[PDB]
Each structure stands twice: as structure tokens, then as C-alpha cells.
Amino acid sequence: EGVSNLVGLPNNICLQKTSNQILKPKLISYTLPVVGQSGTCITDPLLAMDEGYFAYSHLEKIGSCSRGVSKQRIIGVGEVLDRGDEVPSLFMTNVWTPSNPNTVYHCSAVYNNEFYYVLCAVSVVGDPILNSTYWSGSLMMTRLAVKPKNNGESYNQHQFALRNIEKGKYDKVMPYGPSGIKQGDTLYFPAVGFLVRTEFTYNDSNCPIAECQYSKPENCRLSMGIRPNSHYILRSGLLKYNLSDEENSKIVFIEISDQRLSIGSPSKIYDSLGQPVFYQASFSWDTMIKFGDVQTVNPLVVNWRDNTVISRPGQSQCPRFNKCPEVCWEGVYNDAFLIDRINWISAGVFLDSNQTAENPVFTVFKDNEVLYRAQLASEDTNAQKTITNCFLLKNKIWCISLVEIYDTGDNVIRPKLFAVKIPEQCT
Amino acid sequence: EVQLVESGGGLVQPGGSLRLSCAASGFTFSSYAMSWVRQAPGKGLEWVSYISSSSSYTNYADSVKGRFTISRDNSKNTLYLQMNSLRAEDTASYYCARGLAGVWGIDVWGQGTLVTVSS
Amino acid sequence: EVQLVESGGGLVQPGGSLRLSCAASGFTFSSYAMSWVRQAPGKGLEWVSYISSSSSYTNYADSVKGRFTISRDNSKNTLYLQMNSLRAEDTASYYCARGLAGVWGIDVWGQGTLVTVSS
Amino acid sequence: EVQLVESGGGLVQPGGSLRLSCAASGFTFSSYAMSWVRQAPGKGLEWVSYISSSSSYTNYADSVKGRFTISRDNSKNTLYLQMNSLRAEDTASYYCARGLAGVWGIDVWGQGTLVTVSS
Amino acid sequence: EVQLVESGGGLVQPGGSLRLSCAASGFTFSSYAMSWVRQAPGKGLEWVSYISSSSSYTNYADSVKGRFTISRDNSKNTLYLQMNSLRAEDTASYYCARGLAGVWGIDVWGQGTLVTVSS
Ligand SMILES: *[C@@H]1O[C@H](CO)[C@@H](O[C@@H]2O[C@H](CO)[C@@H](O[C@@H]3O[C@H](CO[C@H]4O[C@H](CO[C@H]5O[C@H](CO)[C@@H](O)[C@H](O)[C@@H]5O)[C@@H](O)[C@H](O)[C@@H]4O)[C@@H](O)[C@H](O[C@H]4O[C@H](CO)[C@@H](O)[C@H](O)[C@@H]4O)[C@@H]3O)[C@H](O)[C@H]2NC(C)=O)[C@H](O)[C@H]1NC(C)=O
Ligand SMILES: *[C@@H]1O[C@H](CO)[C@@H](O[C@@H]2O[C@H](CO)[C@@H](O[C@@H]3O[C@H](CO[C@H]4O[C@H](CO)[C@@H](O)[C@H](O)[C@@H]4O)[C@@H](O)[C@H](O[C@H]4O[C@H](CO)[C@@H](O)[C@H](O)[C@@H]4O)[C@@H]3O)[C@H](O)[C@H]2NC(C)=O)[C@H](O)[C@H]1NC(C)=O
Ligand SMILES: *[C@@H]1O[C@H](CO)[C@@H](O[C@@H]2O[C@H](CO)[C@@H](O[C@@H]3O[C@H](CO[C@H]4O[C@H](CO[C@H]5O[C@H](CO)[C@@H](O)[C@H](O)[C@@H]5O)[C@@H](O)[C@H](O)[C@@H]4O)[C@@H](O)[C@H](O)[C@@H]3O)[C@H](O)[C@H]2NC(C)=O)[C@H](O)[C@H]1NC(C)=O
Ligand SMILES: *[C@@H]1O[C@H](CO)[C@@H](O[C@@H]2O[C@H](CO)[C@@H](O[C@@H]3O[C@H](CO[C@H]4O[C@H](CO)[C@@H](O)[C@H](O)[C@@H]4O)[C@@H](O)[C@H](O)[C@@H]3O)[C@H](O)[C@H]2NC(C)=O)[C@H](O)[C@H]1NC(C)=O
Ligand SMILES: *[C@@H]1O[C@H](CO)[C@@H](O[C@@H]2O[C@H](CO)[C@@H](O[C@@H]3O[C@H](CO[C@H]4O[C@H](CO)[C@@H](O)[C@H](O)[C@@H]4O)[C@@H](O)[C@H](O)[C@@H]3O)[C@H](O)[C@H]2NC(C)=O)[C@H](O)[C@H]1NC(C)=O
């Protein structure tokens with residue numbers, strides 16, 4: 001018995017589309033009374049899970065939830081065990097907080113033998129995705145063990161700087177994504193690249209403007225950047241860090257393939273049933289979900305899934321279900337974890353709205369149809385970012401998803417974590 | 001249903017010595033984690049102690065690193081906290097849960113225990 | 001029973017910056033009036049700052065027109081007063097009530113808060 | 001001059017429960033040692049209970065190891081002793097001093113308190 | 001007709017700080033004597049504090065020589081008593097009159113004020 005990841009052969013799960021709600025959302029984030037509440041705000045979440053160990057990160061802002069300040073950034077790992085009877089939970093064991101809260105931005109986690117590296121970006125100009133024209137590029141990776149000991153001083157917290165960077169043509173690298181994966185003795189981190197717009201080689205004749213009459217041809221080139229008259233175009237990729245050499249801290253940013261090349265968005269690569277699955281958010285002309293399994297791990301050659309029913313909402317410019325080139329940088333992060341490979345069954349908390357960001361609903365879809373959905377809250381609570389991770393509980397698949405909702409008696413966007421079990425019997 | 005029963009008391013002189021207790025029932029106490037979490041009116045979560053199942057690891061905060069030491073009584077389900085040399089900045093309501101500080105907690109906080117250090 | 005809990009500070013240097021607070025419970029705070037009232041030993045009532053329910057009207061006195069500005073935090077029932085550029089003539093006990101100056105006040109003044117500006 | 005005011009009476013049934021108290025003044029009670037010393041007519045000194053300044057060490061004798069437990073009240077200068085499950089061999093006069101048993105003593109024994117356990 | 005309205009607090013933790021008040025009307029308070037008198041259920045009169053007319057002489061008892069100090073407010077007819085560091089032997093009803101202890105008193109004791117010091 002033990003809380004492991006998707007390995008071996010799990011039990012038979014529901015393979016049919018039923019309207020009968022067979023999903024049981026279980027809340028495991030019971031917070032204490034916040035009587036005497038203030039203008040607090042919790043944003044920038046992180047949730048990684050691997051072999052029964054989790055991690056969390058959050059930046060509490062006092063005031064506005066976007067243009068706020070930094071007071072504390074609680075980054076800690078822990079163990080994933082049972083609460084006592086067939087209900088898993090996230091038990092934290094180690095907590096780390098940096099001295100200056102307004103330095104750390106855009107962290108990335110990874111799993112190891114008996115440690116948990118947290119690769120964060122260091123900036124002295126604020127949000128690096130907003131003032132990249134003056135950012136240095138220094139990156140700091142913090143190692144936190146999942147099992148602390150007494151008077152270690154070298155086994156509970158050890159930071160190191162990544163001096164050597166193997167940037168070929170990109171001007172800056174930065175960890176951008178919840179977490180990555182490991183391949184034996186090598187660490188991989190999701191990231192985005194910063195490349196000059198005048199140094200881009202993309203013929204403006206491959207833009208999917210066939211059945212897109214209401215779209216200009218240069219929309220593909222204008223969508224690769226945050227703004228049309230910007231100075232950098234984002235490019236997704238991964239950071240390689242082989243902790244077996246240890247001759248010097250190395251950074252290897254391998255760019256993503258050209259198939260369905262979109263703007264830089266939080267990537268998420270995870271292992272499912274042996275094969276690594278890759279995910280990429282949609283903050284560009286393509287509003288549908290970018291799903292697919294990895295066949296070539298290094299160059300990020302991923303067979304993208306052409307799902308036509310799962311997408312993310314947006315503003316009036318680029319709303320949901322808009323598969324045409326348009327100059328826009330907007331969207332919401334909504335991922336999904338693969339629970340089956342024979343039928344390619346995925347599961348994740350995706351929003352259900354046209355031009356709004358409310359009603360967070362957990363939905364299960366194979367490739368082009370929704371199997372069974374379940375609402376984690378009411379149809380008026382807002383939600384911005386969701387992180388979905390699935391695992392096993394000794395005989396069966398279990399999924400814990402961090403969904404930022406709007407609690408009634410909190411008046412603050414609270415990242416409530418639910419526990420949804422994939423059922424083995426449906427109607 | 002997990003029931004957490006906090007105990008102890010407050011209204012002590014500055015620099016005194018208090019002993020907070022918190023018993024529990026339900027889940028198996030012989031192998032689990034316990035931690036004291038306090039919160040002052042106006043502020044949020046602030047952990048002060050941590051202990052493992054076999055009492056092999058005991059973590060504390062920077063402000064209470066040498067104030068008190070958490071213990072474990074796996075024989076008779078309880079959670080003691082021998083608070084020593086407290087100040088006026090320790091006036092808050094303490095809570096016992098199954099997480100160091102986090103934002104976690106898999107049980108409704110039952111009653112808590114307020115500790116007042118003033119005058 | 002309406003309970004008024006005054007807070008803040010005192011014993012500040014001439015020309016400092018203090019922040020007085022006053023929380024309340026009972027009556028609905030979402031739509032009502034709040035006002036700071038001070039009184040020196042020997043004198044009577046002296047109104048300084050007034051604010052409406054929707055924070056649309058903020059009145060001040062001739063002597064404290066530019067000293068401090070009253071705010072409103074209807075989400076969390078309180079009454080702040082960021083006293084700035086005070087002098088020796090501002091040494092008095094401040095009180096919060098539901099009347100601008102008047103001779104009015106529809107609740108017993110609970111404790112008040114003394115502010116001393118000297119030496 | 002150090003004054004020791006002993007209190008508490010006797011004349012209790014065998015196996016009852018009495019509470020002896022002893023207040024003091026003068027010397028600083030926040031950091032010192034207190035000990036109960038009894039003596040029966042015909043015998044000599046007999047120590048029963050000891051306690052430290054910070055209430056971290058509490059020693060007892062072989063005959064009263066489980067009878068009573070000495071406490072400390074550093075806030076209000078006193079010395080309580082919740083005598084429980086006494087016998088006929090505990091009929092003696094109790095005294096409070098600043099030495100465990102010894103032959104020592106840094107103050108004249110003022111009045112004492114006789115406890116009778118018979119019939 | 002002389003009316004003595006006793007006031008103050010009670011039911012407090014032992015070792016705290018209470019402030020008993022007693023206002024009066026009628027006789028000229030600018031030149032007269034006032035004294036606090038208490039009595040426990042079972043015992044008789046027991047004087048604690050005395051104040052003179054011009055606040056030049058303040059006498060106290062042997063048991064409360066350093067507990068509290070009486071004051072005088074000849075401007076506004078009252079009688080304060082800042083009881084500090086009280087014990088369990090101070091659980092009694094306090095009264096104000098025009099005689100130190102005596103058996104005297106030229107006015108009916110109006111209401112009194114019970115002060116309970118226990119637990
Ligand atoms: C994206 O990143 C870039 C670079 O990383 C950011 O650009 C940087 O902006 C900062 C400003 O925050 C520049 O720093 C200096 O700011 C000084 C401001 O002084 C005060 O400003 C506030 C206003 O208070 C004052 O107002 C007036 C202004 O004249 C005064 O008369 C008055 O008395 C007040 O004192 C105060 O609140 C604050 O505390 C400061 O005390 C400037 O004075 C300073 O100018 C120097 O540098 C100039 C060259 O840039 C030079 O020409 C001047 O002569 C002088 O020497 C400077 O602006 C950084 O220098 C600037 N970086 C770069 C590379 O230019 C950008 O803001 C950021 N954007 C976002 C959205 O994050
Ligand atoms: C970036 O993307 C653009 C757009 O796709 C590319 O430009 C196009 O290239 C294709 C070729 O693959 C062009 O298609 C045809 O080009 C012919 C060129 O004629 C000469 O071709 C070679 C030189 O390459 C000579 O040796 C030869 O002798 C010819 O003289 C045209 O003649 C063709 O015309 C046909 O179509 C037009 C309609 O477009 C009809 O009106 C004609 O009657 C005829 O049927 C044909 O066009 C295409 O025209 C190019 N488009 C543009 C806008 O230039 C770039 O090559 C590409 N660049 C890179 C680096 O990838
Ligand atoms: C991360 O970094 C770690 C290092 O810390 C990498 O681990 C290394 O992985 C390489 C894999 O190529 C290991 O290289 C191995 O070398 C073996 C040599 O031992 C035997 O050599 C003779 C056989 O001839 C070999 O000659 C070359 C040598 O490289 C081979 O390529 C040939 O194929 C022949 O096999 C014998 O006669 C001799 O007696 C020795 O027994 C070789 O046998 C292996 O096949 C392999 O090539 C290297 O040793 C590893 N280093 C460590 C410290 O373990 C890891 O790969 C990095 N991760 C990445 C890159 O993702
Ligand atoms: C949606 O899917 C759900 C999947 O769990 C469906 O729930 C199942 O519904 C069927 C049909 O009603 C039940 O089968 C029957 O259950 C009854 C009642 O079981 C109870 O029996 C005793 C009381 O006698 C009680 O102590 C137990 O705890 C059971 O709760 C039986 O009496 C019948 O013989 C028969 O087995 C399933 O039991 C039930 N699942 C569970 C887990 O209970 C649900 O009905 C579906 N809804 C719709 C609208 O289709
Ligand atoms: C959420 O987003 C969905 C997808 O974007 C929305 O569905 C779309 O709604 C628009 C509404 O303007 C449709 O656009 C037009 O639909 C009408 C159809 O009505 C007329 O149909 C025939 C002509 O075909 C006519 O004879 C009838 O008398 C009707 O008057 C037409 O004007 C056009 O055909 C045009 O398509 C989209 O078609 C529709 N998309 C899909 C996939 O259904 C949805 O409405 C949004 N909901 C909210 C609440 O915002």
C-alpha cells in the first residue's frame with residue numbers, strides 16, 4: 001500500500017458519457033475563521049505532485065489582487081498520505097520563506113530522489129513578463145527535502161545560483177510553469193524564451209487564415225508578442241539541469257517545435273502511465289487546449305491533440321472558441337492530467353464561460369467530448385487559475401486540484417483544493 | 001468525525017510560564033504529525049512548533065526558537081506545549097492541526113485557545 | 001448593547017504621526033455616520049473629522065483642515081485617523097460616536113483614547 | 001526582616017484532603033526556592049515537597065511521592081500544598097523555608113502550622 | 001438627606017487591579033473625612049484606607065499598608081480606591097463613610113459594593 005503516481009494497471013474507469021453526477025468533490029483545504037478580514041489577496045499558485053510528495057507557493061498581496069505589494073511568499077513541500085480511510089491529503093512538513101518578499105517571481109518545482117528543487121526567477125524590476133527590457137536574467141533554485149532531520153543545516157535548505165547559461169539565440173531564460181519532470185538523474189523545468197522580434201524567421205504565409213476571413217495575415221507575427229510594437233517575442237521551451245555532473249550549474253533551454261507555435265504560456269510537462277505528457281496554456285490566437293504526449297523529450301516534439309470542446313475564456317477581443325489569428329494576449333490557465341492512455345482520457349478543472357471567468361467546473365473528456373462534469377462551486381464564484389494533478393491510492397486513481405475560488409465569508413480569492421476520485425462505476 | 005479539543009488558558013504576567021494542551025480522538029495518533037498554529041487579531045497564520053510521529057524531528061519558528069519545545073504523548077492522545085518566557089507579542093489564539101503552517105488543515109477548527117499576555 | 005472600542009496611541013513628539021483606531025459592533029456599519037470627537041481637560045467637545053456612510057462627504061474643522069483625513073473601511077468595522085503634523089494644542093482624549101459635534105451621542109462612551117503631544 | 005506567615009489547619013479524617021498555604025514578603029519571590037518541612041513531636045526534620053524558581057523541578061520524598069504535589073504561584077507570593085490521601089503518620093507541624101531538608105534555614109520560623117490526622 | 005452611592009468592580013481574578021468608586025452629595029466635600037470600610041460575611045468592620053480634608057494625611061491598615069493608596073477629588077465629589085495586588089482574603093463588601101473605623105457613621109449605608117476575589 002502507498003500513494004504513488006499513475007503506474008502499472010489501475011482499475012477500470014467510466015468510459016461512457018452520463019449526465020448522472022458520479023464525481024464527489026471533497027474539500028481538504030478547510031481554513032480557520034478569518035474574522036477581522038482585510039484587503040488580503042492570494043495569487044501566483046503552484047501545485048506539483050510526484051511519488052507521494054507535494055509543494056505549494058503563494059504571494060499574499062495586501063490590497064488589489066493584481067497591482068499589489070509583497071509581504072510573504074510561503075514556499076513549502078510535504079508528504080501525501082491518507083487521512084485515515086480512503087481519503088488522501090497533503091501533509092506539509094517543511095516551510096521556507098525568503099527574506100525580501102518582492103524578489104521571487106515565477107517559480108518552478110521538480111521532484112528528485114529525496115529532495116524537491118524549486119527553480120524561481122530573480123528580478124529587481126517586478127514582474128519579468130512586464131519589464132523584461134531591463135531584467136538581468138539571474139535564476140535561483142532552492143532545494144527543500146521532503147524529510148527533514150535534526151541539526152542538518154545542509155539537508156533542509158540549500159540555495160545555489162545558476163551561473164552558466166547555454167542560451168543559443170535567446171536573450172533571456174526564465175522558469176515559466178508549475179513543474180516539470182525527471183528522467184533518471186536529469187531535471188527538466190518548464191520555461192519561456194525571450195527572442196528579438198527583428199531576429200525572427202517566420203514566413204507570413206503559413207498563418208492559418210484559410211477559414212479566417214476576418215483576420216489579417218500578419219496576425220500570426222503580431223500575436224507572438226505581448227504587444228504589436230514590443231521588443232521581444234515569447235517562445236516556450238524547457239530547462240535541462242543534469243544534477244549528476246555537478247561541475248557547474250548549467251542551463252539548457254531547448255525551444256519547442258513549430259507545430260501550432262503560439263505565444264509563451266505556462267507549460268506543464270508530466271509523466272502519465274510511463275510516457276511524459278506535455279501541456280501548454282493558450283494565451284494567443286489559439287483558444288483551444290494544447291494537449292498531447294511527448295515522443296522526443298528534448299526538442300519538445302509533442303503530438304498536439306485537436307480538441308474542439310475544451311477551451312478557456314477571455315476578453316471581448318479573443319473570447320472562447322475563437323480558432324482564428326487575432327492580435328491578443330489574454331486567457332486563463334486551466335490544465336489537465338492524463339488518467340488513461342489506451343483511450344486517452346484526461347481530467348481537469350476547466351472554466352465554463354464565454355467572456356467571463358466564473359463557474360469553475362471539473363470536467364472529464366477523452367479527446368472531443370465531455371464524459372461527466374461536476375461543479376466545484378456555485379455559478380457565480382470567480383476563478384482565474386487552476387492546477388490539476390492526479391495520482392493513485394493503492395488501487396485506484398485520485399485527483400487533487402487547486403482551484404482558486406471566491407469564498408463567501410472570506411471576501412478573498414482562496415485557492416481551495418478539492419479531492420475528486422475517478423469512479424469505477426457510472427450510469 | 002475528527003474532534004479537536006483545545007485547552008490551556010491566558011491572562012498571565014509578562015515572562016511567565018504557561019502550558020497549553022490539545023487532545024484529539026479518531027485518527028490514529030501513534031503515527032501522524034501535530035503542530036501549534038497561532039493567529040493574532042489583525043494578522044493571519046503564524047506557526048510556532050512542529051513534531052513528527054516518532055518524535056524524531058522538532059521544528060520551531062525564528063521568534064519562538066528558544067521559547068518553548070513541543071512534546072508528544074503517543075501513549076495517551078494529547079499535545080502539550082510548555083510555553084516559557086513569553087512576551088506581549090505572543091498574545092494570540094493557538095490552534096492544533098495536522099500541518100506545520102501551510103494553508104492546509106483537514107478538520108474544522110473546533111474551539112481554539114486564547115492566550116493573553118498583558119499587564 | 002452598542003460597544004465602542006477606542007484604540008490608537010500616544011506620547012509622541014511634537015509634529016509626529018499617529019494613527020488612532022476605533023472598532024465597533026452591533027449596529028449595521030454598512031450605512032451610518034462616524035466622527036472623531038476630542039476634549040481637553042478644562043474644555044468641552046471639539047470635533048475634528050467627519051465622514052458619511054458611502055465615503056462621499058468628508059468634513060474637517062478649521063484647526064485640523066489639513067492635519068489628518070478620516071477614512072472608512074466598511075468591509076472591516078473600524079474607524080482610522082492618520083493624525084499628521086500635530087502640535088501641543090492637540091493633547092486631548094479622542095472619542096468616536098455617531099454625531100459630528102452636537103451635544104448628541106446615542107451610546108455610552110466606553111473607554112476613549114488619550115493622545116499626549118509634549119516634550 | 002523576612003516574615004513567614006504559615007496557614008492551614010488540621011483535625012481531618014484519615015484519608016482526607018487538606019490544602020496548606022504559606023505566604024511571604026520581603027525577598028524577591030520571582031527567583032528562589034521553597035520547600036515544606038514537617039516535624040512530629042519526638043522526631044526531627046522531615047522534608048516532603050520541593051520546587052524550583054521556574055517550576056521546572058519538583059522533588060518529593062519516598063513516603064509522600066504520590067500524596068501531594070507542590071505548586072508555585074510566583075504572581076502572588078504564596079506556597080500551596082494540596083495534601084491528598086494522608087494517614088495517621090502525617091500528624092505533625094508543617095513549615096515553609098528556603099532549604100530542601102538540610103540543617104539550614106535563613107529565617108526564624110515564625111508560627112508554623114500543625115496538622116492533626118486522627119479519629 | 002445624605003446619599004452615598006457606592007460603585008466599583010468585582011468578580012476579578014486574584015492579583016489583578018480593581019478601582020472602587022463612591023460619589024456623594026449634600027454635605028460640603030471640600031473639607032471632610034472619608035474612609036473605605038469593608039466587612040466579610042462572618043466578620044465585622046475592617047478599615048483599609050483613610051483620606052483627610054486637604055489630602056495631607058493618608059492612613060492605612062497593617063494588612064493593606066502597601067496594597068492600595070486612597071486619593072481625593074475635592075473638585076468633583078467622589079472617592080476612588082485603586083486596589084492593586086489583592087488576595088483571597090479581600091473578598092468582602094466595601095463601604096464609604098465619614099469615620100475611619102470606629103463604630104460611628106452618621107448616614108445609612110446605601111447600597112455598598114461587593115468585591116469577590118476567587119478562582
Ligand atoms: C521598468 O524598468 C525600468 C528600469 O528597470 C524602470 O525605469 C526606472 O524608473 C525608476 C523610477 O522608479 C528610475 O529611478 C529614478 O527615479 C527617480 C525618482 O525620484 C523620486 O521619484 C518619486 C517622485 O518624488 C519626486 O518627484 C519629483 C520628480 O522630479 C521631485 O521633484 C520631488 O522632489 C520628489 O522627490 C519619489 O517617490 C521616489 O521616492 C524618488 O525619490 C529619478 O529622480 C531618477 O532620475 C535619475 O536618472 C535619470 C536617468 O534615468 C537622469 O536623467 C536623472 O537626471 C536622474 O539622475 C530615476 O528616474 C530608474 O532610473 C529607471 N531606470 C532606467 C533604466 O531608466 C521603469 O519604471 C519600469 N517600469 C515599470 C512599469 O515597472
Ligand atoms: C515565403 O512565402 C511566400 C508566399 O508563399 C513565398 O513566395 C511564393 O513562392 C511561390 C513558389 O513556391 C510562388 O508560386 C509561384 O511562383 C512563380 C514564380 O515564377 C518564377 O519562378 C522561378 C523563380 O522562383 C523562375 O525560375 C520561373 O521561371 C518563374 O519565372 C509564379 O510564376 C507562379 O505564378 C502562378 O500563380 C499566380 C498567382 O499567384 C498566377 O497569377 C500565375 O498565372 C501562375 O499561375 C506562382 O505564383 C508565389 O508566387 C510566391 N508568392 C509571392 C507573394 O512571392 C516565398 O518564396 C517564401 N519564402 C521563403 C524564404 O520561404
Ligand atoms: C548526467 O551526467 C552523468 C555524469 O555524472 C551522465 O552519466 C554518464 O553517462 C554516460 C553514458 O554514455 C556514461 O558513459 C559510460 O561509459 C562506460 C565506460 O565504461 C567502460 O568503458 C569501456 C567500454 O568502452 C566504452 O567506451 C565508451 C566510453 O564512453 C562508450 O561510449 C562505449 O560504448 C564503450 O561501451 C570498458 O572497457 C571499461 O572497462 C569500462 O567498464 C560505457 O561502458 C557506457 O556504455 C557509457 O558510455 C558515464 O559513465 C556516466 N557518468 C557517470 C559519472 O556515471 C549522464 O548520462 C548525464 N545525463 C544526461 C546526459 O542526460
Ligand atoms: C448515479 O450513479 C450512482 C452510482 O453510485 C447511483 O447510485 C447507485 O444507485 C443504485 C440504484 O438505485 C443503487 O443500487 C441499489 O441500491 C439500493 C440501496 O442501497 C443501500 O442499501 C442499504 C439500505 O437497504 C444501505 O444501508 C446501503 O448503504 C445502500 O446505500 C439497494 O437496496 C439495491 O439492492 C441496489 O443495490 C446503488 O447502491 C447506488 N450506489 C451507491 C454507492 O449507493 C445513482 O442512483 C445514480 N443516479 C441516477 C439518477 O442515475
Ligand atoms: C457563447 O458563444 C457561442 C459561440 O461563440 C455563441 O453561439 C453563437 O451565437 C452567435 C449569435 O450571434 C451565432 O452567430 C450567428 O447566429 C445566427 C443564427 O440565428 C439565425 O439563423 C438563421 C441564419 O443561419 C436565420 O434564418 C434565423 O432566423 C436566425 O435569425 C446567424 O445570424 C448567423 O448564422 C451567425 O452564426 C453563432 O452561430 C453561435 N455559434 C454556435 C457554434 O452556435 C453563444 O450564443 C454565446 N452565448 C452567450 C450567452 O454569450
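Refer to the structure above for everything that follows.
Residues numbered from 1 in each chain as written, not as in the entry; some residues may be left out. Chains lettered and ligands numbered in written order. Part of a larger assembly, values for the part shown. Heavy atoms only, no water.

What follows deals with the overall build of chain A. Within chain A, the regular secondary structure consists of one helix and 26 strands. A compact globule built from 427 residues should have a C-alpha radius of gyration of about 22 Å, and chain A, at 21 Å, falls within 12% of that. Along the first, second and third principal axes, the C-alpha set of chain A runs to 60 × 55 × 50 Å. Burial analysis of chain A (427 residues in total) assigns 57% to the buried set. Considering only contacts in chain A between residues 6 or more positions apart, those separated by 24 or more positions represent 57%. Looking at chain A as shown, the accessible area adds up to about 17,900 Å², and 48% of this sits on carbon and sulfur atoms. Charge-centre separation for chain A: the mean point of 39 positive side chains lies 2 Å from the mean point of 42 negative side chains. (Helix = DSSP H or I, 4+ residues; strand = E, 2+ residues; numbered from the N terminus. Rg over C-alpha atoms; globule rule 2.2 N^0.38 Å. Buried < 20%, exposed > 50% of the residue type's maximum accessible area, 1.4 Å probe, protein only. Contact = heavy atoms within 4.5 Å. Areas by Shrake-Rupley, 256 points an atom, 1.4 Å probe, with all protein chains shown as cover. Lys, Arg positive; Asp, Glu negative; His and termini not counted. Charge placed at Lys NZ, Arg CZ, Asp CG, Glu CD.)

A few words on the site of ligand 4. Residues and elements named next belong to chain A. Within the structure, ligand 4 sits among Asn-20, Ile-22, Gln-425 and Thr-427. A distance of 2.4 Å is found between an oxygen atom of ligand 4 and a side-chain nitrogen or oxygen belonging to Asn-20. At 3.5 Å, a side-chain N or O of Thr-427 approaches an oxygen atom of ligand 4. Burial of ligand 4 by the surrounding chains reaches 15%, relative to a free accessible area of 890 Å². Within the shell around ligand 4, the residues separate by chemical class into one nonpolar, three polar and no charged. (Near = heavy atom within 4 Å. Polar contact = N/O pair within 3.5 Å; in protein donor to acceptor, adjacent residues only side chain to side chain. Nonpolar A, V, L, I, M, F, W, Y, C, P; charged D, E, K, R; others polar.)

Residues and elements named next belong to chain A. Taken as a whole, this structure holds 10 cavities of 30 Å³ or more when the rule is applied. Roughly 150 Å³ of internal volume is contained in the largest cavity. Ranked by residues supplied to the lining of the largest cavity, first place goes to strand β16 (residues 267-272) with four residues. Here the lining of the largest cavity is built from residues that sort into 10 nonpolar, four polar and three charged. (1 Å grid on protein atoms, 1.4 Å probe; cavity = no way out; pocket = protein on both sides within 12 Å on 5 of 7 lines; lining within 4 Å. Points joined across faces, edges and corners; volume = space filled by probe spheres on them.)

Nonpolar side chains in soluble globular proteins tend to end up buried together. If you look at the biggest cluster of nonpolar residues, it comprises 123 residues, and the most contacted ones within it are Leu90(A), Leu139(A), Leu239(A), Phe291(A), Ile339(A), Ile397(A) and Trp36(B). A per-element tally of this core places strand β25 (residues 397-406) of chain A first, with seven residues. The contact partners of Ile339(A), leaving out residues within four places of it in the chain, are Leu6(A), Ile13(A), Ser272(A), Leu273(A), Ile345(A), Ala347(A), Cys390(A), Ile397(A), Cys399(A) and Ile422(A). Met34(D), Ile51(D), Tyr60(D) and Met83(D) belong to the second-largest nonpolar core, a separate cluster that totals 28 residues. (Core = buried A, V, L, I, M, F, W, Y, C linked by side-chain atoms within 4.5 Å.)

With that settled, consider a nonpolar patch on the surface. Together, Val124(A), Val125(A) and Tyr134(A) give the surface a local cluster of nonpolar side chains, amounting to about 360 Å² of exposed area. Relative to the helices and strands, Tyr134(A) is located in the loop between β8 (116-122) and β9 (139-144). (Patch = residues over 30% accessible without salt bridge, like charges linked within 9 Å, V, L, I, M, F, W, Y side chains within 5 Å. Salt bridge = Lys/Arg side-chain N within 4 Å of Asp/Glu carboxyl O.)

Okay, the interface of chain A and chain B next. Listed as interface residues are 23 residues of chain A and, on the opposing side, 20 residues of chain B. Of the roughly 2,100 Å² buried where chain A meets chain B, counting both sides, 61% is carbon and sulfur surface. When the area that chain A buries against chain B is broken down by residue, the three leading residues are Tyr30(A), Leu32(A) and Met92(A), summing to 27%. Where chain A meets chain B, there are zero salt bridges. On the surface where chain A and chain B come into contact, there are five residue pairs in polar contact. The set of elements that each furnish at least two residues to the side of chain A that touches chain B consists of β4 (53-62), β6 (88-96) and β26 (413-421) of chain A. Sort the elements by how many residues they give to the side of chain A that touches chain B and β6(A) lands first, with six residues. Residue composition of the side of chain A that touches chain B, by class: 12 nonpolar, seven polar and four charged. (Buried area = accessible area lost by both parts, 1.4 Å probe.)

Residues and elements named next belong to chain E. The strand order across the open sheet formed by four strands is β4-β3-β6-β7, and the pairing between neighbours is antiparallel. Each end of this open sheet is capped by a strand with a single partner; those strands are β4 (46-51) and β7 (113-115). On average, each strand axis in the sheet is tilted by 25 degrees relative to the strand beside it, whichever way the strands run. As judged from the three bridges shared by strand β6 (residues 92-97) and β7, these two strands associate in the antiparallel manner. Following the sheet pairing, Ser-93 is matched in β7 by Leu-114. (Pairing = 2+ DSSP bridges. Axes fitted to C-alpha atoms, helices over the stretch in contact; angles between N-to-C directions.)

Residues and elements named next belong to chain B. Here the structure, examined in full by the defined rule, presents 11 disulfides over all chains. One disulfide in the model links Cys-22 with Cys-96; its S-S distance is 2.0 Å. Looking down the S-S bond of the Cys-22 and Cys-96 bridge, the torsion is 90 degrees, so its handedness is right-handed. Placement of the pair is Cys-22 in strand β2 (residues 17-25) and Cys-96 in strand β8 (residues 92-97), with a sequence separation of 74 residues. An identical accessibility class is assigned to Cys-22 and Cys-96; each is buried. (Disulfide = S-S within 2.5 Å.)

With that out of the way, let us pick up the packing of aromatic side chains. Pairs of aromatic rings are described using the distance from one ring centre to the other and the angle between the two planes. A full pass over the atoms with the stated rule returns 28 aromatic pairs over all chains. With a centroid separation of 4.9 Å and an interplanar angle of 85 degrees, the aromatic rings of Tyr56(A) and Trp104(B) are classed as edge-to-face. With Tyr56(A) in strand β4 and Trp104(B) in the loop between β8 and β9 (113-115), this residue pair bridges two chains. Looking at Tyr56(A), the relative accessible area reads 2%, which means it is buried. Looking at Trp104(B), the relative accessible area reads 6%, which means it is buried. Measuring from ring centre to ring centre gives 6.1 Å for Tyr117(A) and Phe160(A), while their planes differ by 50 degrees; the resulting arrangement is tilted. With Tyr117(A) in strand β8 and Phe160(A) in strand β10 (residues 158-161), this residue pair connects regions lying 43 residues apart in the sequence. With relative accessibility at 6%, the residue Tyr117(A) sits in the buried group. Grouped by ring-pair contacts, the aromatic residues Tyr53(A), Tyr111(A) and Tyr116(A) constitute a single cluster. (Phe/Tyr/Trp six-rings, centres within 6.5 Å; stacked < 30°, edge-to-face > 60°.)

Residue and element names in this part refer to chain E. Positionally, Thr-78 belongs in the loop between β4 and β5 (80-84). The class for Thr-78 is buried, based on a relative accessible area of 15%. At 3.4 Å, the side chain of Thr-78 forms a polar contact with the side chain of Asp-73. Separated by 2.5 Å, the side chain of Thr-78 and the backbone oxygen of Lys-76 make a polar contact.

As a further point, take the environment of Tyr155(A). Residue and element names in this part refer to chain A. One can find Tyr-155 in the loop between β9 and β10. For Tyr-155 and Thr-363, which are 208 residues apart along the polypeptide, the C-alpha to C-alpha distance reads 40 Å. The contact partners of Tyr-155, leaving out residues within four places of it in the chain, are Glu-114, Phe-115, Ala-145, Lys-147 and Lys-149. In this structure the side chain of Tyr-155 is engaged in a polar contact, spanning 2.9 Å, whose partner is the side chain of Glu-114.

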